[PDB]
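One chain comes next, on its own, written out as structure tokens in the form deposited in one PDB entry.
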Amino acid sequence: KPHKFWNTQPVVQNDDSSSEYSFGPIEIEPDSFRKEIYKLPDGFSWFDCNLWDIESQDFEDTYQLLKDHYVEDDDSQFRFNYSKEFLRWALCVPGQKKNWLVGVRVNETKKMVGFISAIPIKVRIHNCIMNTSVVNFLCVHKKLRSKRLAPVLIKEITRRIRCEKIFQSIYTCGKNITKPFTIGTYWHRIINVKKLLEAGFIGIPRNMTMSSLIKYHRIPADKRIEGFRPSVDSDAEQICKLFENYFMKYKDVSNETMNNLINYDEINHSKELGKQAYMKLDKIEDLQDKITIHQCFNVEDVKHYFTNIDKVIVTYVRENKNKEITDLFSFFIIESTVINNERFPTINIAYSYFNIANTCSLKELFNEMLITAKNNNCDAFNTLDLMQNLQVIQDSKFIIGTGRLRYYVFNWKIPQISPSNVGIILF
């Protein structure tokens, strides 16, 4: 069946017949976009969600909405239970705008029935760099589904983002909407066998028991790598350089292009000037084993994202004798509710974030990270096949998950690429 909203938006459609590998914006309309607030059905209202005071009623309403109505696995066995501390870390980022956190409320009862958010980030896409957005936590109350409310919330957040002179966005989905520029596969490393076995996540193969299963999913500790410790704020500048060196090494453009990236923020104000971001690629094979699109981090961003908050985010670095940082691993933590058992204990899952292995192999780095995940009472460690993570997944004890993660970019052209070419991690 055909789209009724997405067929009208500047994104590559599923039937695109482009005969060329091209990068660049799809449309350049700095002045023609709608600026008036969108209208909601009678008895509903917009509000800027107050996630700036963790004790606010807005925060309680948002937490409850997402706990009961946000993302479930494709088999409706588990639902995400984002904590307030996680949402604050994930949405109150540097440069965030108070009106990029959009809620929908029933006027008569003050019940919050909808939500959508965006955060600002910096990205490199091939030979361009820009300030862009990431849309996440789109949620509509279950009883209001299939009433064309989601396009309204999308149009609304788009208006608010464009009013900040930002005209692209990145967003992920478990299903196919339009054409995604890549599809990521996630994998599970079992840590707490007993918990996951009783939660219904894993079974028992023939001729095995929980004991032999615990023994098999054991995390090895016979070749530890010394020098890893939690990051602190004073590591920020060196973690910033560690990422820059990492993205410089895996770049998919020449050294000359990397030093003269096209700053789209300076040419998106004009239709003629913005076309300088058009870039044709003659050989898609030139991107093999390289990163084509990735987030960029300054020191203020590093301080926020690559910190340590109990039950939210974990970041470790490896040092040498001189206190210089040479490796980094990180994962964030989200609780998952068991849908058919409201009394089941807490299930905490770890999610691979950004990881840089220079003084050890990536498999060696992930083992240290798995040990640290065990120390943080995480029942499983989830990883996507992004960047170089395939090195850890192949010939391992990782188990394939049931779904796949589609990656989209709003108002930008990206040819279909491998997930290994992508350095973008959504929350």
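C-alpha atoms forming the largest set that superposes within 1.5 Å between two forms make up the rigid core. Don't overthink the numbering: it's just position in the shown sequence, from 1.
From this point on, the text means the form deposited in another entry, which you will not see here.
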(request) Superpose on the rigid core, then report which one of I309, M208, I183, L273 has a CA displacement of at least 2 angstroms between the shown form and the other one. (result) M208
(message) Is the shift of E226 between the shown form and the other one large enough to count as movement, that is, does its C-alpha move by 2 Å or more after the core is superposed?
(response) no
(message) Superposing on the rigid core, I want to see if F344 changes position between the shown form and the other one - specifically a Cα shift of 2 Å or more.
(response) yes
(message) For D15, does the CA position differ by 2 Å or more between the shown form and the other one when the superposition is done on the rigid core?
(response) no
(message) Comparing against this form, do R343 and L66 have their CA atoms pulled together or pushed apart in the other entry? The difference is 3 Å or more.
(response) farther
(message) Quick one: with a 3 Å or larger change, is the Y21 to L384 CA distance smaller or larger in the other entry? Answer closer or farther.
(response) farther
